[PDB]
Amino acid sequence: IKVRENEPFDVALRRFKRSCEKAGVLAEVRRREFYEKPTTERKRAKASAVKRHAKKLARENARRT
Amino acid sequence: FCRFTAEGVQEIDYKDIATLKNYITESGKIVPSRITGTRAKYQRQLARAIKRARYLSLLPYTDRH
Amino acid sequence: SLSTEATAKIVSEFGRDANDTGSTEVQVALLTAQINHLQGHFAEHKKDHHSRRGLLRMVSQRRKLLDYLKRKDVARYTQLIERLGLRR
Amino acid sequence: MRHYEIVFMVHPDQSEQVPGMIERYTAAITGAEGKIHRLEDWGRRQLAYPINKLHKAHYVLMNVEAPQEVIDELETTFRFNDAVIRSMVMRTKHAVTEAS
Amino acid sequence: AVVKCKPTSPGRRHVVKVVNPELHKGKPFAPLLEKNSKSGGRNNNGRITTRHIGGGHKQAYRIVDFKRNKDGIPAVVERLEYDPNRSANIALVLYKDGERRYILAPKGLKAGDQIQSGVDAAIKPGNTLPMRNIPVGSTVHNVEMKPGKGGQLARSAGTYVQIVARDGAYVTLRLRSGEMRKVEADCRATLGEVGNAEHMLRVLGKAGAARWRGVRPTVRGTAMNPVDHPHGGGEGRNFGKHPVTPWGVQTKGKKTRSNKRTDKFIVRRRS
Amino acid sequence: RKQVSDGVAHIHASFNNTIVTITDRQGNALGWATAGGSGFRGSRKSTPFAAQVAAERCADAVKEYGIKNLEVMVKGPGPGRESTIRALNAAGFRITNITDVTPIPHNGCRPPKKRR
RNA sequence: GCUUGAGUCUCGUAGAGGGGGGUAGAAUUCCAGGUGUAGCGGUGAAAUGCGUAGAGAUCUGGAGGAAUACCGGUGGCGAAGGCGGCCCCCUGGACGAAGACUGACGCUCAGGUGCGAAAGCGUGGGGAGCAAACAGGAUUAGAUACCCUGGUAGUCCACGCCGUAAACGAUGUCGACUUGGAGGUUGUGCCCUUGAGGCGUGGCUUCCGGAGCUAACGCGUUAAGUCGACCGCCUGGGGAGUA
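For this deposited structure, the header cites cryo-EM as the method used and 3.1 Å as the resolution.

Named according to the PDB entry, chain C is 30S ribosomal protein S15 originating from Escherichia coli. Recorded in UniProt for chain C, the comment headed Subunit (literature references left out) runs: "Part of the 30S ribosomal subunit. Forms a bridge to the 50S subunit in the 70S ribosome, contacting the 23S rRNA." Under the Sequence similarities heading, UniProt states for chain C: "Belongs to the universal ribosomal protein uS15 family."

Under the PDB entry, the name given to chain A is 30S ribosomal protein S21, and the organism recorded is Escherichia coli. In its Function (literature references left out) section, UniProt records this for chain A: "Probbly involved in recognition of ribosome rescue factor SmrB in stalled/collided disomes; fusion of protein fragments to its N-terminus decreases ribosome rescue in the presence of SmrB." UniProt's Sequence similarities comment on chain A is quoted here verbatim: "Belongs to the bacterial ribosomal protein bS21 family."

We now examine the layout of surface pockets. By volume, the second largest pocket amounts to about 1100 Å³. Along its surface, the second largest pocket is lined by 32 residues, and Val25 and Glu28 of chain A together with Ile104, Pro105 and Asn107 of chain F are the ones closest to its centre. Mapped onto the lining of the second largest pocket, the elements with two or more residues apiece are α1 (24-27) and α2 (37-57) of chain A. Of the residues forming the lining of the second largest pocket, the biggest block, four residues, is contributed by α2 of chain A. Here the residues of the lining of the second largest pocket sort into 13 nonpolar, six polar and 13 charged.

Each partner contributes residues to the interface: chain B has six residues there, and chain A has five residues. Taking both partners together, chain B and chain A bury about 410 Å²; carbon and sulfur atoms supply 57% of that area. Per-residue buried area on chain B facing chain A is highest for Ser27, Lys29 and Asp63 of chain B; these three make up 64% of the total on that side.

Let's shift gears to the packing of helix α1 (residues 18-30) of chain D against helix α2 (residues 68-80) of chain D. Residue and element names in this part refer to chain D. Running from N to C, α1 and α2 cross one another at 160°; their axes reach a closest spacing of 10 Å. With respect to α2, the axis of α1 lies roughly antiparallel. Note that α1 runs across α2; the crossing there is right-handed. Of the residues in α2, those in contact with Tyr25, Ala28 and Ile29 of α1 are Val70, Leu74, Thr77 and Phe78. A class-by-class count of the residues in the contact of α1 with α2 yields six nonpolar, one polar and no charged.

A few words now on the side chain of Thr34 of chain F. Residues and elements named next belong to chain F. Structurally, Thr34 is set in strand β3 (residues 29-34). A polar atom in the side chain of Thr34 sits 3.5 Å from the backbone nitrogen of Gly36. For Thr34, the residues in contact, after removing those within four places along its chain, are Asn17, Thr18, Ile19, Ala54 and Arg57.

Residue and element names in this part refer to chain E. Read from one edge to the other, the open sheet built from six strands follows the order β9-β14-β10-β11-β12-β13, with strand pairing classed as antiparallel. Looking along the sheet, the strands with just one partner apiece sit at the ends: β9 (128-130) and β13 (180-184). Direction aside, the axes of adjacent strands within the sheet are offset by 50° on average. Pairing of strand β10 (residues 139-141) with strand β14 (residues 188-191), which is carried by two bridges, proceeds in the antiparallel orientation. Residue pairing across strands places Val140 opposite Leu191, the latter belonging to β14.

Residues and elements named next belong to chain F. Between its first and last C-alpha atoms helix α1 (residues 48-59) spans 17 Å; for 12 residues at 1.5 Å apiece the expected length is 16 Å, and the two agree. All of the buried residues in α1 are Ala50, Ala51, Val53, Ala54, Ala55, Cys58 and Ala59. The inward-facing, buried residues of α1 contact β2 (18-24), β3 and α2 (85-90). A positive phi of about 70° marks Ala61, the residue just after α1.

The next point concerns the pairing of strand β4 (residues 69-75) of chain F. Residue and element names in this part refer to chain F. Bridging between strand β1 (residues 6-13) and β4 involves seven bridges; their strand directions are parallel. When the bridges of β4 are listed, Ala9 appears paired with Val72. Pairing of β4 with strand β5 (residues 94-100), which is carried by five bridges, proceeds in the parallel orientation. By the bridge assignment for β5, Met73 is matched with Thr99.

Residue and element names in this part refer to chain E. All told, the structure shown has 23 salt bridges over all chains when counted by the stated rule. The shortest N-O distance in the salt bridge between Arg257 and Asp263 comes to 2.7 Å. Residue classification places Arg257 among the partly exposed residues on the basis of a relative accessible area of 34%. Look at the salt bridges and you will find they share partners, linking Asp65, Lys70, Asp97, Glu99 and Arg101 into a network.

The next thing to look at is the protein's contact with RNA strand G. If you check the shell around RNA strand G, you find 99 residues, and the closest are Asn19, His37 and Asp48 of chain C together with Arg41 and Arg115 of chain F. Here, RNA strand G places atoms within 4 Å of the protein, and 79% of those atoms are sugar or phosphate. At a separation of 2.6 Å, a phosphate oxygen of RNA strand G approaches a polar side-chain atom of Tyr68 of chain C. Take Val89 of chain D: an N or O atom from its main chain is 2.9 Å from a sugar or linking oxygen of RNA strand G. Ranked by the residues each element gives to the surface near RNA strand G, the list is headed by helix α3 (residues 49-72) of chain C, at 12 residues.

Tallying the contact residues gives 18 residues for chain A and 22 residues for chain F. Summed over both sides, the interface between chain A and chain F buries roughly 1800 Å², with carbon and sulfur atoms accounting for 58% of that surface. At the junction of chain A with chain F, the criterion picks out one salt bridge. Taking the shortest distance from any N to any O, the salt bridge between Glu33 of chain A and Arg110 of chain F comes out at 3.9 Å. One can count seven residue pairs in polar contact joining chain A with chain F. Considering only residue class, the side of chain A that touches chain F consists of seven nonpolar, no polar and 11 charged.

Quick look at the sheet that holds β3 of chain F now. All names here are of chain F. The strand order across the open sheet formed by five strands is β3-β2-β1-β4-β5, and the pairing between neighbours is mixed. Across the chains shown, the open sheet's two edge strands, defined by having one partner strand only, are β3 and β5. Averaged over neighbouring strand pairs, the angle between their axes works out to 20° when direction is ignored. Pairing analysis gives seven bridges linking β1 to β2, with the strands arranged antiparallel. Across the sheet, the residue bridging to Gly7 is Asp24, located in β2. Sheet strands touched by α1: β2 and β3. Its angle to β3, the strand with the most contacts, is close to 150°.

Looking across the five pairs of chains in contact, one finds the most contacts between chains A and F. Between chain B and chain C there is no contact, and the shortest C-alpha to C-alpha distance separating them is 25 Å. Across all C-alpha pairs, the smallest distance from chain A to chain E is 32 Å, and the two are not in contact.

Cut-offs used in this document
- Residues numbered from 1 in each chain as written, not as in the entry; some residues may be left out.
- Chains lettered and ligands numbered in written order.
- Part of a larger assembly, values for the part shown.
- Heavy atoms only, no water.
- Residues with missing side-chain atoms left out of burial classes, pairs and counts.
- UniProt positions renumbered as here; feature names shortened; annotations may be inferred.
- 1 Å grid on protein atoms, 1.4 Å probe; cavity = no way out; pocket = protein on both sides within 12 Å on 5 of 7 lines; lining within 4 Å.
- Points joined across faces, edges and corners; volume = space filled by probe spheres on them.
- Helix = DSSP H or I, 4+ residues; strand = E, 2+ residues; numbered from the N terminus.
- Nonpolar A, V, L, I, M, F, W, Y, C, P; charged D, E, K, R; others polar.
- Contact = heavy atoms within 4.5 Å.
- Buried area = accessible area lost by both parts, 1.4 Å probe.
- Axes fitted to C-alpha atoms, helices over the stretch in contact; angles between N-to-C directions.
- Parallel < 35°, antiparallel > 145°, perpendicular 65-115°, else oblique.
- Left-handed = near helix turned anticlockwise from the far one by under 90°.
- Polar contact = N/O pair within 3.5 Å; in protein donor to acceptor, adjacent residues only side chain to side chain.
- Pairing = 2+ DSSP bridges.
- Expected span 1.5 Å × (residues − 1).
- Buried < 20%, exposed > 50% of the residue type's maximum accessible area, 1.4 Å probe, protein only.
- Salt bridge = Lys/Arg side-chain N within 4 Å of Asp/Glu carboxyl O.
- Near = heavy atom within 4 Å.

Next comes the structure, spelled out in structure tokens:
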């Protein structure tokens, strides 16, 4: 959001924009109330995250590599 | 990952902004429990303590003030 | 509400002592004292339908206890409805 | 008698009347049989956001125990007073121990 | 409250009564009454100057004290009464020194309740106190225009004026019509809304209920001859004209506000 | 002309257009330039190179003010916002600080429903 | 009579449970003023629209309404519908620990009664944003559509009516029994707080899978397994949830 980068800096590198507000919570609010998909796609976000959690640890096979 | 309010003992007081400012980010937003590692009982106390201290102008709502 | 001060005052008035807390005549008076309390809460607010359901859980529980009492011992029954004031 | 905490802020140029005001409300409660417990007067400190802009208000904590009819006649006094800016009242549970 | 009549006859089919049981059911307080004689719409010259009025039931004038010039005396509200001259009800108010006066009855006022006037008076609904001591935002009624004038604004049933802003020695009032308007900051006002807010719901049922309120029939312009109205005439319901008054001035849009003496005190016009 | 010393560069980047306005410390404007006002009409307006020439064409018309060091206030999403601040370095200014004044509500009024 | 069912009491524990009032901040919009100047807005591309009568951008101040970013979580509460700012007031339920009390007071329930998203209706207000309808511009062979610029009802509040949803874990309610694993959440006891541990024990909950069942898919101790108790319902597709 706000960065100052004391007088010798030579480059901005505003990395708190990808950490706070820049386009994540701003493209989300640019349109589309929905009232319904923050139940639906929040479900599918975590339904795939638990298949990213369980299936990643048990992916240990031979697989010839 | 080493939750500070579950470590010693706590009810999360809203007046001591010294420990309470440790759990806000630079823009005034509350830090999630996946980052800090607080127990979920102490996270619901914390958000009710941030918002009640945001009311009394001890902590800010945002950095645009 | 039925505070601790108000609960103990009705147990001794209807049971053996403060130890006899779960008797049949005691429970009817305790449900009655809270229903008569909640007449003031539902005099206003008129749309508290989630607390109305708790009121009807304890009207109907008082109706089943008094109807147990009328079957179990009629003599103790006719004491209670005149003492507590609920019969046509 | 439920316990309370009362944090009211004060318009800062009228901060001389604050020990006049702390006396003013603790007379109403102790006079109506209500114990005060922690008059942790915080003094003047800096605000996080401007409040009609008015930077740097003056904080007073009370932590009273009082009957509920008195604490409501107290809270309608904080409205009509032009010196009190953003009071708040809170939960009982206890009394506290100066909690700086 | 709001009583709907059963249609036992035509005329009674569409009556809605506004039944207040708290009103007094006796002959009113006789020293504070004097007579009110009907005009008919007629002046010095005798000619009718306001149409569609005349007749009605005889009604005696209740001397209502809008001015509230009894500073710093407790006053117990004795009984609520019916005033036929107003739309609102009136409250018979007994002061502590033994003097009775009528005031307008506000929304929450009951018999036995306490009011008082003056600058010391609390911010309890029913008290009259000047606007430099009334808090900003709060809702008042019986509002004065000039200090000591008596009370002009927001004195009908259900009507209120919300106080918006205080810039120096003027109080910015949002009137009931939606007009922002400045008054003198030393003028009085009585807190709270005016009671009898169900007066709007009375729908009077029949033609005779307006005749005994003094309202005579309104004859339309199109039903007249061209000598009588600037409408009127024609073979079978011809209109073909821009709508006007009976004296030719444009209606339905034409603004007639031209004073220039009081335009300083008006902030926003009515929207 | 007053010879103002330090100014503020309000950068209002949108998806369609980038407007760059240079104000002063008080906050009243001294000159502006858009991506649409530099040519680049239509599809090229929503590009990072169009905000770059909207940055260089805002660096003049404040040459008669002599602004040396400026505080940036970028606002909004879009193709500008990051390539215009590299062009305010290249125009010969000092970057005092950069902020982000994206007017994010706390779940306020309802947004529109569109893009189907 | 008895107490292992059900219930009552005493201490606590969490909770967007419910109603009532108040307040806070960020943003949108509009108005008023200052600066400032030819574009803004929008799109796949444009145009309608706005703007030299000075918009957009920018600053200050004001007025309003509605919703509560972060917290926030196949997390929590409620019978379901559903319920998110903080605060106070009035209330409902669930759970845990130790006892003490009642002594089968229970389960299910046709008819009945109550509650019941959203849209809708009725009366009175409120109207920022959004938005059916409608107007205009586009796209198109056409475009009474998606797309664009606007915009009424409506969403909002109080009080009534309506009684419907893919009102859906498409799975009635209640009870007993039958291998496990990894989590979450809320209590609670033991042990070393001995250093962000070690062990039991309850309630709720998510995922994966054993027997078993199933037409299969799959469910799989909050069963769709093995049983019991009552209830609702089904009997080929349309016609028809229609006359």
